[PDB]
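Structure below is query-v4.pdb: PDB, N, CA, C and O atoms.
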```pdb
ATOM      1  N   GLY A   1      -0.287   4.165  22.242  1.00  0.00           N
ATOM      2  CA  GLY A   1      -1.503   4.555  22.927  1.00  0.00           C
ATOM      3  C   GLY A   1      -2.313   3.349  23.336  1.00  0.00           C
ATOM      4  O   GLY A   1      -3.265   3.447  24.119  1.00  0.00           O
ATOM      5  N   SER A   2      -1.940   2.215  22.808  1.00  0.00           N
ATOM      6  CA  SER A   2      -2.625   0.975  23.101  1.00  0.00           C
ATOM      7  C   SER A   2      -1.713   0.029  23.884  1.00  0.00           C
ATOM      8  O   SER A   2      -2.144  -1.056  24.295  1.00  0.00           O
ATOM      9  N   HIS A   3      -0.452   0.459  24.087  1.00  0.00           N
ATOM     10  CA  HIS A   3       0.607  -0.343  24.738  1.00  0.00           C
ATOM     11  C   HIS A   3       0.974  -1.555  23.866  1.00  0.00           C
ATOM     12  O   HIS A   3       1.999  -1.561  23.169  1.00  0.00           O
ATOM     13  N   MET A   4       0.117  -2.542  23.865  1.00  0.00           N
ATOM     14  CA  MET A   4       0.296  -3.725  23.076  1.00  0.00           C
ATOM     15  C   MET A   4      -0.988  -3.973  22.323  1.00  0.00           C
ATOM     16  O   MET A   4      -2.022  -4.233  22.931  1.00  0.00           O
ATOM     17  N   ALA A   5      -0.942  -3.851  21.017  1.00  0.00           N
ATOM     18  CA  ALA A   5      -2.132  -4.029  20.204  1.00  0.00           C
ATOM     19  C   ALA A   5      -2.252  -5.472  19.766  1.00  0.00           C
ATOM     20  O   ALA A   5      -3.354  -5.959  19.480  1.00  0.00           O
ATOM     21  N   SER A   6      -1.099  -6.148  19.704  1.00  0.00           N
ATOM     22  CA  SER A   6      -1.002  -7.566  19.363  1.00  0.00           C
ATOM     23  C   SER A   6      -1.550  -7.833  17.957  1.00  0.00           C
ATOM     24  O   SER A   6      -2.045  -8.915  17.657  1.00  0.00           O
ATOM     25  N   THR A   7      -1.412  -6.852  17.099  1.00  0.00           N
ATOM     26  CA  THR A   7      -1.879  -6.937  15.755  1.00  0.00           C
ATOM     27  C   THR A   7      -0.826  -7.605  14.863  1.00  0.00           C
ATOM     28  O   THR A   7       0.201  -6.997  14.515  1.00  0.00           O
ATOM     29  N   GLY A   8      -1.055  -8.853  14.571  1.00  0.00           N
ATOM     30  CA  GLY A   8      -0.202  -9.586  13.686  1.00  0.00           C
ATOM     31  C   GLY A   8      -1.006 -10.031  12.516  1.00  0.00           C
ATOM     32  O   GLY A   8      -1.764 -10.996  12.612  1.00  0.00           O
ATOM     33  N   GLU A   9      -0.869  -9.342  11.432  1.00  0.00           N
ATOM     34  CA  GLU A   9      -1.698  -9.572  10.287  1.00  0.00           C
ATOM     35  C   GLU A   9      -0.884 -10.207   9.175  1.00  0.00           C
ATOM     36  O   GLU A   9       0.340 -10.107   9.170  1.00  0.00           O
ATOM     37  N   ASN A  10      -1.558 -10.881   8.259  1.00  0.00           N
ATOM     38  CA  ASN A  10      -0.893 -11.454   7.104  1.00  0.00           C
ATOM     39  C   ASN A  10      -0.408 -10.315   6.241  1.00  0.00           C
ATOM     40  O   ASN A  10       0.780 -10.029   6.189  1.00  0.00           O
ATOM     41  N   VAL A  11      -1.347  -9.644   5.605  1.00  0.00           N
ATOM     42  CA  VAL A  11      -1.102  -8.452   4.825  1.00  0.00           C
ATOM     43  C   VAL A  11      -2.364  -7.598   4.858  1.00  0.00           C
ATOM     44  O   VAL A  11      -3.463  -8.120   4.713  1.00  0.00           O
ATOM     45  N   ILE A  12      -2.221  -6.322   5.098  1.00  0.00           N
ATOM     46  CA  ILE A  12      -3.355  -5.435   5.086  1.00  0.00           C
ATOM     47  C   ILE A  12      -3.226  -4.360   4.073  1.00  0.00           C
ATOM     48  O   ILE A  12      -2.126  -4.012   3.659  1.00  0.00           O
ATOM     49  N   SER A  13      -4.348  -3.902   3.620  1.00  0.00           N
ATOM     50  CA  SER A  13      -4.439  -2.871   2.624  1.00  0.00           C
ATOM     51  C   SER A  13      -3.981  -1.546   3.226  1.00  0.00           C
ATOM     52  O   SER A  13      -4.070  -1.371   4.440  1.00  0.00           O
ATOM     53  N   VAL A  14      -3.538  -0.617   2.378  1.00  0.00           N
ATOM     54  CA  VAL A  14      -2.966   0.654   2.822  1.00  0.00           C
ATOM     55  C   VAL A  14      -3.835   1.408   3.862  1.00  0.00           C
ATOM     56  O   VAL A  14      -3.388   1.652   4.949  1.00  0.00           O
ATOM     57  N   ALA A  15      -5.087   1.652   3.579  1.00  0.00           N
ATOM     58  CA  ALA A  15      -5.933   2.421   4.510  1.00  0.00           C
ATOM     59  C   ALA A  15      -6.170   1.660   5.799  1.00  0.00           C
ATOM     60  O   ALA A  15      -6.110   2.231   6.933  1.00  0.00           O
ATOM     61  N   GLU A  16      -6.382   0.375   5.628  1.00  0.00           N
ATOM     62  CA  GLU A  16      -6.644  -0.519   6.707  1.00  0.00           C
ATOM     63  C   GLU A  16      -5.466  -0.490   7.665  1.00  0.00           C
ATOM     64  O   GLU A  16      -5.625  -0.291   8.873  1.00  0.00           O
ATOM     65  N   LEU A  17      -4.282  -0.617   7.105  1.00  0.00           N
ATOM     66  CA  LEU A  17      -3.096  -0.596   7.878  1.00  0.00           C
ATOM     67  C   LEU A  17      -2.804   0.785   8.482  1.00  0.00           C
ATOM     68  O   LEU A  17      -2.240   0.852   9.544  1.00  0.00           O
ATOM     69  N   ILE A  18      -3.181   1.890   7.775  1.00  0.00           N
ATOM     70  CA  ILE A  18      -3.049   3.253   8.350  1.00  0.00           C
ATOM     71  C   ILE A  18      -3.753   3.330   9.689  1.00  0.00           C
ATOM     72  O   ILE A  18      -3.159   3.721  10.700  1.00  0.00           O
ATOM     73  N   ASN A  19      -5.002   2.899   9.710  1.00  0.00           N
ATOM     74  CA  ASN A  19      -5.790   3.015  10.933  1.00  0.00           C
ATOM     75  C   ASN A  19      -5.347   2.003  11.957  1.00  0.00           C
ATOM     76  O   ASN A  19      -5.235   2.312  13.170  1.00  0.00           O
ATOM     77  N   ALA A  20      -5.038   0.812  11.483  1.00  0.00           N
ATOM     78  CA  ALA A  20      -4.541  -0.224  12.340  1.00  0.00           C
ATOM     79  C   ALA A  20      -3.254   0.231  13.019  1.00  0.00           C
ATOM     80  O   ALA A  20      -3.143   0.125  14.206  1.00  0.00           O
ATOM     81  N   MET A  21      -2.332   0.817  12.248  1.00  0.00           N
ATOM     82  CA  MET A  21      -1.036   1.313  12.760  1.00  0.00           C
ATOM     83  C   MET A  21      -1.248   2.430  13.730  1.00  0.00           C
ATOM     84  O   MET A  21      -0.562   2.511  14.748  1.00  0.00           O
ATOM     85  N   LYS A  22      -2.228   3.255  13.433  1.00  0.00           N
ATOM     86  CA  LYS A  22      -2.636   4.333  14.298  1.00  0.00           C
ATOM     87  C   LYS A  22      -3.031   3.803  15.668  1.00  0.00           C
ATOM     88  O   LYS A  22      -2.815   4.448  16.699  1.00  0.00           O
ATOM     89  N   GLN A  23      -3.609   2.643  15.666  1.00  0.00           N
ATOM     90  CA  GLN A  23      -3.992   1.970  16.880  1.00  0.00           C
ATOM     91  C   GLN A  23      -2.894   0.970  17.392  1.00  0.00           C
ATOM     92  O   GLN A  23      -3.036   0.394  18.467  1.00  0.00           O
ATOM     93  N   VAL A  24      -1.824   0.774  16.624  1.00  0.00           N
ATOM     94  CA  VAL A  24      -0.763  -0.210  16.974  1.00  0.00           C
ATOM     95  C   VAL A  24       0.504   0.458  17.503  1.00  0.00           C
ATOM     96  O   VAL A  24       1.087   0.013  18.511  1.00  0.00           O
ATOM     97  N   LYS A  25       0.930   1.504  16.855  1.00  0.00           N
ATOM     98  CA  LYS A  25       2.160   2.152  17.218  1.00  0.00           C
ATOM     99  C   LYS A  25       1.845   3.587  17.632  1.00  0.00           C
ATOM    100  O   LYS A  25       0.813   4.132  17.233  1.00  0.00           O
ATOM    101  N   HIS A  26       2.674   4.142  18.495  1.00  0.00           N
ATOM    102  CA  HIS A  26       2.530   5.519  19.004  1.00  0.00           C
ATOM    103  C   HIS A  26       2.422   6.543  17.860  1.00  0.00           C
ATOM    104  O   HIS A  26       3.186   6.476  16.899  1.00  0.00           O
ATOM    105  N   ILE A  27       1.477   7.456  17.963  1.00  0.00           N
ATOM    106  CA  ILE A  27       1.290   8.514  16.975  1.00  0.00           C
ATOM    107  C   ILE A  27       1.466   9.911  17.612  1.00  0.00           C
ATOM    108  O   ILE A  27       0.614  10.366  18.377  1.00  0.00           O
ATOM    109  N   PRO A  28       2.619  10.563  17.379  1.00  0.00           N
ATOM    110  CA  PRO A  28       2.833  11.950  17.805  1.00  0.00           C
ATOM    111  C   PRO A  28       2.085  12.912  16.860  1.00  0.00           C
ATOM    112  O   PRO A  28       1.088  13.533  17.233  1.00  0.00           O
ATOM    113  N   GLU A  29       2.562  12.979  15.642  1.00  0.00           N
ATOM    114  CA  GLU A  29       1.972  13.710  14.579  1.00  0.00           C
ATOM    115  C   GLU A  29       1.579  12.679  13.550  1.00  0.00           C
ATOM    116  O   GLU A  29       1.685  11.465  13.818  1.00  0.00           O
ATOM    117  N   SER A  30       1.184  13.100  12.399  1.00  0.00           N
ATOM    118  CA  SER A  30       0.721  12.178  11.417  1.00  0.00           C
ATOM    119  C   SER A  30       1.863  11.478  10.661  1.00  0.00           C
ATOM    120  O   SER A  30       2.378  11.969   9.684  1.00  0.00           O
ATOM    121  N   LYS A  31       2.267  10.361  11.215  1.00  0.00           N
ATOM    122  CA  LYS A  31       3.249   9.431  10.639  1.00  0.00           C
ATOM    123  C   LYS A  31       2.621   8.698   9.472  1.00  0.00           C
ATOM    124  O   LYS A  31       3.293   8.214   8.505  1.00  0.00           O
ATOM    125  N   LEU A  32       1.318   8.571   9.619  1.00  0.00           N
ATOM    126  CA  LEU A  32       0.418   7.973   8.668  1.00  0.00           C
ATOM    127  C   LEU A  32       0.646   8.476   7.258  1.00  0.00           C
ATOM    128  O   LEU A  32       0.490   7.734   6.330  1.00  0.00           O
ATOM    129  N   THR A  33       1.066   9.712   7.125  1.00  0.00           N
ATOM    130  CA  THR A  33       1.268  10.340   5.837  1.00  0.00           C
ATOM    131  C   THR A  33       2.358   9.589   5.023  1.00  0.00           C
ATOM    132  O   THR A  33       2.122   9.144   3.875  1.00  0.00           O
ATOM    133  N   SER A  34       3.488   9.374   5.671  1.00  0.00           N
ATOM    134  CA  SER A  34       4.624   8.720   5.100  1.00  0.00           C
ATOM    135  C   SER A  34       4.351   7.263   4.885  1.00  0.00           C
ATOM    136  O   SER A  34       4.577   6.727   3.767  1.00  0.00           O
ATOM    137  N   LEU A  35       3.819   6.621   5.931  1.00  0.00           N
ATOM    138  CA  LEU A  35       3.568   5.194   5.880  1.00  0.00           C
ATOM    139  C   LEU A  35       2.590   4.905   4.718  1.00  0.00           C
ATOM    140  O   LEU A  35       2.775   3.963   3.933  1.00  0.00           O
ATOM    141  N   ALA A  36       1.608   5.784   4.582  1.00  0.00           N
ATOM    142  CA  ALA A  36       0.574   5.645   3.582  1.00  0.00           C
ATOM    143  C   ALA A  36       1.143   5.775   2.190  1.00  0.00           C
ATOM    144  O   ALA A  36       0.875   4.951   1.327  1.00  0.00           O
ATOM    145  N   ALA A  37       1.936   6.824   1.988  1.00  0.00           N
ATOM    146  CA  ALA A  37       2.533   7.117   0.694  1.00  0.00           C
ATOM    147  C   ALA A  37       3.368   5.942   0.186  1.00  0.00           C
ATOM    148  O   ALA A  37       3.168   5.451  -0.951  1.00  0.00           O
ATOM    149  N   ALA A  38       4.260   5.439   1.033  1.00  0.00           N
ATOM    150  CA  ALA A  38       5.089   4.316   0.631  1.00  0.00           C
ATOM    151  C   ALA A  38       4.259   3.043   0.443  1.00  0.00           C
ATOM    152  O   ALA A  38       4.565   2.211  -0.420  1.00  0.00           O
ATOM    153  N   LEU A  39       3.191   2.902   1.211  1.00  0.00           N
ATOM    154  CA  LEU A  39       2.307   1.756   1.049  1.00  0.00           C
ATOM    155  C   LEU A  39       1.548   1.858  -0.274  1.00  0.00           C
ATOM    156  O   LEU A  39       1.252   0.853  -0.916  1.00  0.00           O
ATOM    157  N   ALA A  40       1.243   3.068  -0.675  1.00  0.00           N
ATOM    158  CA  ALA A  40       0.575   3.300  -1.931  1.00  0.00           C
ATOM    159  C   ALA A  40       1.493   2.940  -3.088  1.00  0.00           C
ATOM    160  O   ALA A  40       1.045   2.398  -4.101  1.00  0.00           O
ATOM    161  N   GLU A  41       2.778   3.229  -2.938  1.00  0.00           N
ATOM    162  CA  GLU A  41       3.752   2.866  -3.966  1.00  0.00           C
ATOM    163  C   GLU A  41       4.380   1.467  -3.753  1.00  0.00           C
ATOM    164  O   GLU A  41       5.229   1.045  -4.543  1.00  0.00           O
ATOM    165  N   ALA A  42       3.975   0.778  -2.670  1.00  0.00           N
ATOM    166  CA  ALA A  42       4.383  -0.625  -2.368  1.00  0.00           C
ATOM    167  C   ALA A  42       4.145  -1.598  -3.542  1.00  0.00           C
ATOM    168  O   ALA A  42       3.528  -1.245  -4.556  1.00  0.00           O
ATOM    169  N   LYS A  43       4.591  -2.840  -3.366  1.00  0.00           N
ATOM    170  CA  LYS A  43       4.519  -3.846  -4.430  1.00  0.00           C
ATOM    171  C   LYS A  43       3.087  -4.217  -4.777  1.00  0.00           C
ATOM    172  O   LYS A  43       2.731  -4.281  -5.945  1.00  0.00           O
ATOM    173  N   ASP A  44       2.263  -4.425  -3.782  1.00  0.00           N
ATOM    174  CA  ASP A  44       0.866  -4.769  -4.060  1.00  0.00           C
ATOM    175  C   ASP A  44      -0.062  -3.686  -3.582  1.00  0.00           C
ATOM    176  O   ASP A  44      -1.117  -3.448  -4.162  1.00  0.00           O
ATOM    177  N   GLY A  45       0.348  -3.006  -2.551  1.00  0.00           N
ATOM    178  CA  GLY A  45      -0.494  -1.995  -1.964  1.00  0.00           C
ATOM    179  C   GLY A  45      -1.173  -2.532  -0.735  1.00  0.00           C
ATOM    180  O   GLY A  45      -1.887  -1.818  -0.031  1.00  0.00           O
ATOM    181  N   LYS A  46      -0.975  -3.805  -0.517  1.00  0.00           N
ATOM    182  CA  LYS A  46      -1.419  -4.495   0.644  1.00  0.00           C
ATOM    183  C   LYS A  46      -0.173  -5.238   1.141  1.00  0.00           C
ATOM    184  O   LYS A  46       0.455  -5.967   0.357  1.00  0.00           O
ATOM    185  N   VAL A  47       0.220  -5.032   2.384  1.00  0.00           N
ATOM    186  CA  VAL A  47       1.413  -5.687   2.950  1.00  0.00           C
ATOM    187  C   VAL A  47       1.182  -5.832   4.430  1.00  0.00           C
ATOM    188  O   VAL A  47       0.270  -5.196   4.965  1.00  0.00           O
ATOM    189  N   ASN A  48       1.941  -6.697   5.081  1.00  0.00           N
ATOM    190  CA  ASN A  48       1.883  -6.814   6.528  1.00  0.00           C
ATOM    191  C   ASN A  48       2.166  -5.454   7.128  1.00  0.00           C
ATOM    192  O   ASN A  48       3.232  -4.860   6.872  1.00  0.00           O
ATOM    193  N   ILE A  49       1.199  -4.965   7.878  1.00  0.00           N
ATOM    194  CA  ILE A  49       1.244  -3.635   8.457  1.00  0.00           C
ATOM    195  C   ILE A  49       2.549  -3.277   9.157  1.00  0.00           C
ATOM    196  O   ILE A  49       3.186  -2.340   8.733  1.00  0.00           O
ATOM    197  N   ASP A  50       3.022  -4.095  10.100  1.00  0.00           N
ATOM    198  CA  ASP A  50       4.132  -3.651  10.953  1.00  0.00           C
ATOM    199  C   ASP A  50       5.366  -3.436  10.167  1.00  0.00           C
ATOM    200  O   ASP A  50       5.953  -2.390  10.262  1.00  0.00           O
ATOM    201  N   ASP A  51       5.670  -4.354   9.282  1.00  0.00           N
ATOM    202  CA  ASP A  51       6.918  -4.292   8.559  1.00  0.00           C
ATOM    203  C   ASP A  51       6.996  -3.022   7.740  1.00  0.00           C
ATOM    204  O   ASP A  51       7.927  -2.213   7.908  1.00  0.00           O
ATOM    205  N   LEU A  52       5.943  -2.765   6.991  1.00  0.00           N
ATOM    206  CA  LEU A  52       5.930  -1.630   6.115  1.00  0.00           C
ATOM    207  C   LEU A  52       5.703  -0.346   6.824  1.00  0.00           C
ATOM    208  O   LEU A  52       6.539   0.529   6.739  1.00  0.00           O
ATOM    209  N   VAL A  53       4.640  -0.255   7.606  1.00  0.00           N
ATOM    210  CA  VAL A  53       4.288   1.015   8.229  1.00  0.00           C
ATOM    211  C   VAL A  53       5.403   1.506   9.106  1.00  0.00           C
ATOM    212  O   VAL A  53       5.756   2.680   9.086  1.00  0.00           O
ATOM    213  N   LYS A  54       5.996   0.577   9.798  1.00  0.00           N
ATOM    214  CA  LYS A  54       7.003   0.863  10.729  1.00  0.00           C
ATOM    215  C   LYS A  54       8.304   1.174  10.070  1.00  0.00           C
ATOM    216  O   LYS A  54       9.003   2.051  10.512  1.00  0.00           O
ATOM    217  N   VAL A  55       8.625   0.501   8.981  1.00  0.00           N
ATOM    218  CA  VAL A  55       9.870   0.798   8.332  1.00  0.00           C
ATOM    219  C   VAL A  55       9.805   2.167   7.666  1.00  0.00           C
ATOM    220  O   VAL A  55      10.788   2.890   7.621  1.00  0.00           O
ATOM    221  N   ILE A  56       8.635   2.548   7.199  1.00  0.00           N
ATOM    222  CA  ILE A  56       8.498   3.826   6.556  1.00  0.00           C
ATOM    223  C   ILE A  56       8.533   4.916   7.602  1.00  0.00           C
ATOM    224  O   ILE A  56       9.288   5.857   7.495  1.00  0.00           O
ATOM    225  N   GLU A  57       7.779   4.722   8.645  1.00  0.00           N
ATOM    226  CA  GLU A  57       7.666   5.673   9.716  1.00  0.00           C
ATOM    227  C   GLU A  57       8.956   5.799  10.527  1.00  0.00           C
ATOM    228  O   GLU A  57       9.272   6.876  11.061  1.00  0.00           O
ATOM    229  N   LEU A  58       9.725   4.740  10.568  1.00  0.00           N
ATOM    230  CA  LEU A  58      10.981   4.771  11.268  1.00  0.00           C
ATOM    231  C   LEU A  58      12.051   5.430  10.385  1.00  0.00           C
ATOM    232  O   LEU A  58      12.786   6.320  10.823  1.00  0.00           O
ATOM    233  N   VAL A  59      12.091   5.028   9.137  1.00  0.00           N
ATOM    234  CA  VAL A  59      13.131   5.468   8.217  1.00  0.00           C
ATOM    235  C   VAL A  59      12.898   6.889   7.673  1.00  0.00           C
ATOM    236  O   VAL A  59      13.843   7.663   7.527  1.00  0.00           O
ATOM    237  N   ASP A  60      11.645   7.242   7.414  1.00  0.00           N
ATOM    238  CA  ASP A  60      11.312   8.589   6.880  1.00  0.00           C
ATOM    239  C   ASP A  60      11.476   9.596   7.967  1.00  0.00           C
ATOM    240  O   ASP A  60      11.713  10.779   7.729  1.00  0.00           O
ATOM    241  N   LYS A  61      11.388   9.086   9.161  1.00  0.00           N
ATOM    242  CA  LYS A  61      11.481   9.834  10.371  1.00  0.00           C
ATOM    243  C   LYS A  61      10.353  10.820  10.530  1.00  0.00           C
ATOM    244  O   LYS A  61      10.522  11.891  11.125  1.00  0.00           O
ATOM    245  N   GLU A  62       9.193  10.460  10.033  1.00  0.00           N
ATOM    246  CA  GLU A  62       8.045  11.253  10.287  1.00  0.00           C
ATOM    247  C   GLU A  62       7.562  10.840  11.637  1.00  0.00           C
ATOM    248  O   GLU A  62       6.856   9.875  11.746  1.00  0.00           O
ATOM    249  N   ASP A  63       8.073  11.489  12.651  1.00  0.00           N
ATOM    250  CA  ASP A  63       7.736  11.206  14.040  1.00  0.00           C
ATOM    251  C   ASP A  63       8.252  12.330  14.903  1.00  0.00           C
ATOM    252  O   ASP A  63       8.949  13.236  14.382  1.00  0.00           O
TER     253      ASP A  63
END
```
If you convert what's in this file into structure tokens, what do you get?
Amino acid sequence: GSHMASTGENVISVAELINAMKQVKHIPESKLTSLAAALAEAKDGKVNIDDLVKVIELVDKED
């Protein structure tokens, strides 16, 4: 929805990255649910948004 958000972050917190991802990658339905859950169970709970959000949202196939 933003085409290119150009969001390259070091590591972002789960909620922060939820909204950021919402503004970074296409949102059909709430992919955020899956991305959030795995981010909550992540190693620190704060991780680089694209790698995590996208791998969860791509792999869980919540899309």
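The residues of chain A that DSSP classifies as alpha helix (DSSP H), using the backbone of this structure, are residues 14, 15, 16, 17, 18, 19, 20, 21, 22, 32, 33, 34, 35, 36, 37, 38, 39, 40, 49, 50, 51, 52, 53, 54, 55, 56, 57, 58 and 59 of chain A.
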May I have the residues from that selection written out with N, CA, C and O atoms, as a tab-separated table (two decimals), in the coordinates of the input?
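As written to disk, selection.tsv reads:
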```
chain	number	residue	atom	x	y	z
A	14	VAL	N	-3.54	-0.62	2.38
A	14	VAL	CA	-2.97	0.65	2.82
A	14	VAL	C	-3.84	1.41	3.86
A	14	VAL	O	-3.39	1.65	4.95
A	15	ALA	N	-5.09	1.65	3.58
A	15	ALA	CA	-5.93	2.42	4.51
A	15	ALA	C	-6.17	1.66	5.80
A	15	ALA	O	-6.11	2.23	6.93
A	16	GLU	N	-6.38	0.38	5.63
A	16	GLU	CA	-6.64	-0.52	6.71
A	16	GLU	C	-5.47	-0.49	7.66
A	16	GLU	O	-5.62	-0.29	8.87
A	17	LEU	N	-4.28	-0.62	7.10
A	17	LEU	CA	-3.10	-0.60	7.88
A	17	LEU	C	-2.80	0.78	8.48
A	17	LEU	O	-2.24	0.85	9.54
A	18	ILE	N	-3.18	1.89	7.78
A	18	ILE	CA	-3.05	3.25	8.35
A	18	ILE	C	-3.75	3.33	9.69
A	18	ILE	O	-3.16	3.72	10.70
A	19	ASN	N	-5.00	2.90	9.71
A	19	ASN	CA	-5.79	3.02	10.93
A	19	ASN	C	-5.35	2.00	11.96
A	19	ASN	O	-5.24	2.31	13.17
A	20	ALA	N	-5.04	0.81	11.48
A	20	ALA	CA	-4.54	-0.22	12.34
A	20	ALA	C	-3.25	0.23	13.02
A	20	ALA	O	-3.14	0.12	14.21
A	21	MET	N	-2.33	0.82	12.25
A	21	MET	CA	-1.04	1.31	12.76
A	21	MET	C	-1.25	2.43	13.73
A	21	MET	O	-0.56	2.51	14.75
A	22	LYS	N	-2.23	3.26	13.43
A	22	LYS	CA	-2.64	4.33	14.30
A	22	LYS	C	-3.03	3.80	15.67
A	22	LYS	O	-2.82	4.45	16.70
A	32	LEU	N	1.32	8.57	9.62
A	32	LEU	CA	0.42	7.97	8.67
A	32	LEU	C	0.65	8.48	7.26
A	32	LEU	O	0.49	7.73	6.33
A	33	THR	N	1.07	9.71	7.12
A	33	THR	CA	1.27	10.34	5.84
A	33	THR	C	2.36	9.59	5.02
A	33	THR	O	2.12	9.14	3.88
A	34	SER	N	3.49	9.37	5.67
A	34	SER	CA	4.62	8.72	5.10
A	34	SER	C	4.35	7.26	4.88
A	34	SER	O	4.58	6.73	3.77
A	35	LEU	N	3.82	6.62	5.93
A	35	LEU	CA	3.57	5.19	5.88
A	35	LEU	C	2.59	4.90	4.72
A	35	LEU	O	2.78	3.96	3.93
A	36	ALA	N	1.61	5.78	4.58
A	36	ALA	CA	0.57	5.64	3.58
A	36	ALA	C	1.14	5.78	2.19
A	36	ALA	O	0.88	4.95	1.33
A	37	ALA	N	1.94	6.82	1.99
A	37	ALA	CA	2.53	7.12	0.69
A	37	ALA	C	3.37	5.94	0.19
A	37	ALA	O	3.17	5.45	-0.95
A	38	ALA	N	4.26	5.44	1.03
A	38	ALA	CA	5.09	4.32	0.63
A	38	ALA	C	4.26	3.04	0.44
A	38	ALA	O	4.57	2.21	-0.42
A	39	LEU	N	3.19	2.90	1.21
A	39	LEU	CA	2.31	1.76	1.05
A	39	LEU	C	1.55	1.86	-0.27
A	39	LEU	O	1.25	0.85	-0.92
A	40	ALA	N	1.24	3.07	-0.68
A	40	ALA	CA	0.57	3.30	-1.93
A	40	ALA	C	1.49	2.94	-3.09
A	40	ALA	O	1.04	2.40	-4.10
A	49	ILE	N	1.20	-4.96	7.88
A	49	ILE	CA	1.24	-3.64	8.46
A	49	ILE	C	2.55	-3.28	9.16
A	49	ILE	O	3.19	-2.34	8.73
A	50	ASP	N	3.02	-4.10	10.10
A	50	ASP	CA	4.13	-3.65	10.95
A	50	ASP	C	5.37	-3.44	10.17
A	50	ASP	O	5.95	-2.39	10.26
A	51	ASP	N	5.67	-4.35	9.28
A	51	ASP	CA	6.92	-4.29	8.56
A	51	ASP	C	7.00	-3.02	7.74
A	51	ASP	O	7.93	-2.21	7.91
A	52	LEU	N	5.94	-2.76	6.99
A	52	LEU	CA	5.93	-1.63	6.12
A	52	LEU	C	5.70	-0.35	6.82
A	52	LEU	O	6.54	0.53	6.74
A	53	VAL	N	4.64	-0.26	7.61
A	53	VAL	CA	4.29	1.01	8.23
A	53	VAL	C	5.40	1.51	9.11
A	53	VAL	O	5.76	2.68	9.09
A	54	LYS	N	6.00	0.58	9.80
A	54	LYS	CA	7.00	0.86	10.73
A	54	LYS	C	8.30	1.17	10.07
A	54	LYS	O	9.00	2.05	10.51
A	55	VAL	N	8.62	0.50	8.98
A	55	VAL	CA	9.87	0.80	8.33
A	55	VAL	C	9.80	2.17	7.67
A	55	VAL	O	10.79	2.89	7.62
A	56	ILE	N	8.64	2.55	7.20
A	56	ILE	CA	8.50	3.83	6.56
A	56	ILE	C	8.53	4.92	7.60
A	56	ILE	O	9.29	5.86	7.50
A	57	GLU	N	7.78	4.72	8.64
A	57	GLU	CA	7.67	5.67	9.72
A	57	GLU	C	8.96	5.80	10.53
A	57	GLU	O	9.27	6.88	11.06
A	58	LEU	N	9.72	4.74	10.57
A	58	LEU	CA	10.98	4.77	11.27
A	58	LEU	C	12.05	5.43	10.38
A	58	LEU	O	12.79	6.32	10.82
A	59	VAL	N	12.09	5.03	9.14
A	59	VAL	CA	13.13	5.47	8.22
A	59	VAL	C	12.90	6.89	7.67
A	59	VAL	O	13.84	7.66	7.53
```
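Nearest-residue note for residue 54 (chain A): choosing from A:36, A:16, A:10, A:28, the minimum distance belongs to A:36, counting only C-alpha atoms.
Distances from A:11, A:35, A:18, A:24 to residue 48 (chain A) were compared using only C-alpha atoms, and the smallest one belongs to A:11.
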- Task: Run the PyMOL selection byres ((chain A and resi 49) around 7) against the file shown and list the residues it catches, as number ranges by chain.
- Result: A: 7, 9-12, 17, 21, 46-48, 50-55
- Any chance you could resolve the PyMOL selection byres (((chain A and resi 63 and name CA) around 8) and name CA) against this file and give the residues as a PyMOL selection string? chain A and resi 27-31+57-58+61-62
Please return as an mmCIF file with N, CA, C and O atoms, in the frame of the given file: the residues of chain A that backbone DSSP assigns to strand (DSSP E or B).
```
data_model
loop_
_atom_site.group_PDB
_atom_site.id
_atom_site.type_symbol
_atom_site.label_atom_id
_atom_site.label_comp_id
_atom_site.auth_asym_id
_atom_site.auth_seq_id
_atom_site.Cartn_x
_atom_site.Cartn_y
_atom_site.Cartn_z
ATOM 1 N N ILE A 12 -2.221 -6.322 5.098
ATOM 2 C CA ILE A 12 -3.355 -5.435 5.086
ATOM 3 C C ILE A 12 -3.226 -4.360 4.073
ATOM 4 O O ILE A 12 -2.126 -4.012 3.659
ATOM 5 N N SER A 13 -4.348 -3.902 3.620
ATOM 6 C CA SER A 13 -4.439 -2.871 2.624
ATOM 7 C C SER A 13 -3.981 -1.546 3.226
ATOM 8 O O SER A 13 -4.070 -1.371 4.440
ATOM 9 N N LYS A 46 -0.975 -3.805 -0.517
ATOM 10 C CA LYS A 46 -1.419 -4.495 0.644
ATOM 11 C C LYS A 46 -0.173 -5.238 1.141
ATOM 12 O O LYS A 46 0.455 -5.967 0.357
ATOM 13 N N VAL A 47 0.220 -5.032 2.384
ATOM 14 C CA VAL A 47 1.413 -5.687 2.950
ATOM 15 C C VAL A 47 1.182 -5.832 4.430
ATOM 16 O O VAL A 47 0.270 -5.196 4.965
#
```
- Task: Kindly indicate which residue among A:14, A:19, A:59, A:1 lies nearest to residue 37 (chain A), using all atoms listed in the file for the distances.
- Result: A:14
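For the pair atom C of residue 40 (chain A) and CA of residue 22 (chain A), the interatomic distance is 17.9 Å.
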